[PDB]
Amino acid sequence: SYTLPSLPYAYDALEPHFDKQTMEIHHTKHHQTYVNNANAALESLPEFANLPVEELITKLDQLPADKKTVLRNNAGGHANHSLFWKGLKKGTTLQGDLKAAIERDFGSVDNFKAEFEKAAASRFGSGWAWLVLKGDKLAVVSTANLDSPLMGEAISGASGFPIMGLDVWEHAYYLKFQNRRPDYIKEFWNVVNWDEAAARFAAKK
């Protein structure tokens, strides 16, 4: 069974960029719900019930036709949010190999940020924006609802290993920024955990 992961910091640890109220609701209400719904669906699927969530979402095609959608959405939600919490932290700095790769594939850090912001702002409806690693090159992509690049191109319309991502569902920014998603996107740069991003880039898997 899946469980809500504990946060590696306090709910007000990302202030003054991401508000404490949202962090608490986002974690204890939204993420908790995905976990609860995924577990309920897996109760009748012993063969899949015990796989790590990141593995389950790479095998959605093997699931019974009547369970595929519920798990795609909720296991996807669990995987994405779990990655999100670990990918946030104040006071980090982009450096080393990751920075070099960024400048290499995007020309410069500023060009990268511009491309990421464009993808995050253009995602219509609910979705996520990602920095992925596809065949040794970094790229920016976005997915709908709670899909993940790990699900494959056929399902999510994207592929690649997620280095970092930004949740652009309205619940992630409405209390503090309301309709101003672009302002939320800019604040994100102050809390993106570059250390974790670097670690994932090094691992590659």
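Each residue number is its position in the shown sequence, starting from 1.
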query	finding
Given 83-91 and 110-118, the range whose Cα B-factors average higher in the PDB entry	110-118
Selected stretch [higher average CA B-factor]: 162-170 or 53-61	53-61
30, 180, 176, 67, ranked by C-alpha B-factor: the highest one	67
Third of the chain's Cα B-factor distribution that residue 150 belongs to, per the entry	middle
Residue 101 CA temperature factor, ranked by third within the chain	highest
Third of the chain, ranked by Cα B-factor, where residue 129 sits	lowest
Within-chain third of residue 4 by Cα B-factor, per the entry	lowest
Where the record places residue 144 (Cα B-factor, split into thirds across the chain)	lowest
